[PDB]
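To start, the structure under review is shown below, and the notes come after it.
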Amino acid sequence: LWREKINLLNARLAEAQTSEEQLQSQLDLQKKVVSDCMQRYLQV
Amino acid sequence: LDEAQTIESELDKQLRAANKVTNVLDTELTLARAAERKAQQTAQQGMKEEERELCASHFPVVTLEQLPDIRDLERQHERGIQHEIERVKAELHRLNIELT
Amino acid sequence: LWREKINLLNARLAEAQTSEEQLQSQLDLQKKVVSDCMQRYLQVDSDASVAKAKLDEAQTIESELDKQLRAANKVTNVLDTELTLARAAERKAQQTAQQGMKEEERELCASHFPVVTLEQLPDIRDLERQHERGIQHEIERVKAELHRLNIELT
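Here's what the structure looks like:
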């Protein structure tokens, strides 16, 4: 049963880490959006 | 620009929360593997099919839900077994007096 | 033992939260510095280029501080979970400890049962089982002696 719990927790932890990576990427993209806004302000 | 800076913070906080979730799942997985090896060190001993059949006829099958409570069932069976041991031993002592 | 552990974990969690909040304040101040350099890039090897370089440095430091705050958040969450587990165990210990004793009983227990240490605190149940096994051996030998005496007396 511990091996079965390991099987389940493997998928759960993998999905949690994937969500963490996605959130990190989206945070980087939001900082990139800040960069885009600053560039547009620089142009004007 | 200010709007984007404001939006950044919520994603940062959600990334921290995802870190927490990942760490909790990793801790549970690591402890599950530790308990797995702990039980396997005993599971290595095995049984002969007659012994396993007797155990099944006397012991319930542990379920994943029952995994945290396994010791309760094991101790309950042990204590019932000890009760039976003392009872039959007392009856044997009674018959010993009879034979004497 | 669990109450000592809970007080120590309260102190530890407070310190970890203080460190995480200090890093949060530093990260917010670094984002403010990023904003300052970003705005000076516009309100001003030219002055604009120097402000742009300052902004790059500020953003790098902001990323560094965010990555440090992540570790601090990890520490805070781990310590909070440990405190929760300590409280959960302490409530059970209190429930079982609340049954009380009389000083004769306490003398008997101490003379044969130890004062468990904090480091052994989670493992206390198995030590209790070992002492139970000792008492069980004494019982299961004395009873046999009674059996023998009964036989002879008959």
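Chains as they are written, first to last, in this note's numbering: chain A, 1280 to 1323; chain B, 3 to 102; chain C, 287 to 440. Where is the CB? At the ideal position from N, CA and C, for every residue including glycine.
Cβ-Cβ separation, residue j to residue i (assumed contact under 8 Å), whole Å
i, j, result
"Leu27(B)", "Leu1292(A)", "4 Å"
"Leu295(C)", "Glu368(C)", "6 Å"
"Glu348(C)", "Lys317(C)", "6 Å"
"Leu17(B)", "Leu1308(A)", "Contact flag wrong, Cβ pair sits at about 12 Å."
"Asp352(C)", "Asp14(B)", "7 Å"
"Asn21(B)", "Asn359(C)", "6 Å"
Own chain residues within Cβ distance below 6 Å of residue i, not counting five before or after
i, result
"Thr362(C)", "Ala302, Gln303, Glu306"
"residue 1(B)", "This structure cannot speak to residue 1(B), because chain B is shown only from 3 to 102."
"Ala383(C)", "none"
"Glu93(B)", "none"
"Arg419(C)", "none"
Minimum Cβ-Cβ distance from residue i to chain B less than 8 Å
i, result
"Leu1321(A)", "no"
"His398(C)", "no"
"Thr370(C)", "no"
"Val364(C)", "yes"
"residue 447(C)", "Nothing can be reported for residue 447(C): it is not among the residues displayed for chain C, which extend from 287 to 440."
Cβ neighbours of residue i in the same chain (closer than 7 Å, five flanking residues each side left out)
i, result
"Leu407(C)", "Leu287, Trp288, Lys291"
"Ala337(C)", "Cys323, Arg326, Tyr327, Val330"
"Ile421(C)", "none"
"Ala334(C)", "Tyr327"
Other residues of its chain near residue i: CB distance less than 8 Å, five sequence neighbours each side excluded
i, result
"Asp409(C)", "none"
"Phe399(C)", "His417"
"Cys57(B)", "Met49"
From the options, residue whose alpha carbon lies closest to that of residue i
i, options, result
"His95(B)", "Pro400(C), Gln384(C), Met324(C), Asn436(C)", "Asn436(C)"
"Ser59(B)", "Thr102(B), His79(B), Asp74(B)", "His79(B)"
"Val320(C)", "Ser311(C), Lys340(C), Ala430(C)", "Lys340(C)"
"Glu405(C)", "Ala334(C), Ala372(C), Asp331(C), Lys338(C)", "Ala372(C)"
"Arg415(C)", "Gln47(B), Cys57(B), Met49(B), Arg77(B)", "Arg77(B)"
"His85(B)", "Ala297(C), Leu439(C), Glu426(C)", "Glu426(C)"
"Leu101(B)", "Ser311(C), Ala297(C), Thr440(C)", "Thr440(C)"
Within-8 Å CB hit, residue i to chain C
i, result
"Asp14(B)", "yes"
"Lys50(B)", "no"
"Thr65(B)", "no"
"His79(B)", "no"
"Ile99(B)", "yes"
"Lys22(B)", "yes"
Short CB-CB distance (under 8 Å) between residue i and chain A
i, result
"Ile83(B)", "no"
"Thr44(B)", "no"
"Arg54(B)", "no"
"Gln7(B)", "yes"
"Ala37(B)", "yes"
"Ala92(B)", "no"
"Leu75(B)", "no"
Contact list for residue i against chain D, beta-carbon separation under 7 Å
i, result
"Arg356(C)", "No chain D is present in this structure, whose protein chains are A, B and C."
Checklist entry - Just checking, does the stretch 318 to 333 of chain C make contact with the stretch 377 to 391 of chain C on the three C-beta pairs under 8 Å criterion? => result no
Checklist entry - With a cut-off of 8 Å, do at least 3 Cβ pairs link the stretch 371 to 381 of chain C to the stretch 343 to 351 of chain C? => result Contact between the stretch 371 to 381 of chain C and the stretch 343 to 351 of chain C is absent, with fewer than three C-beta pairs closer than 8 Å.
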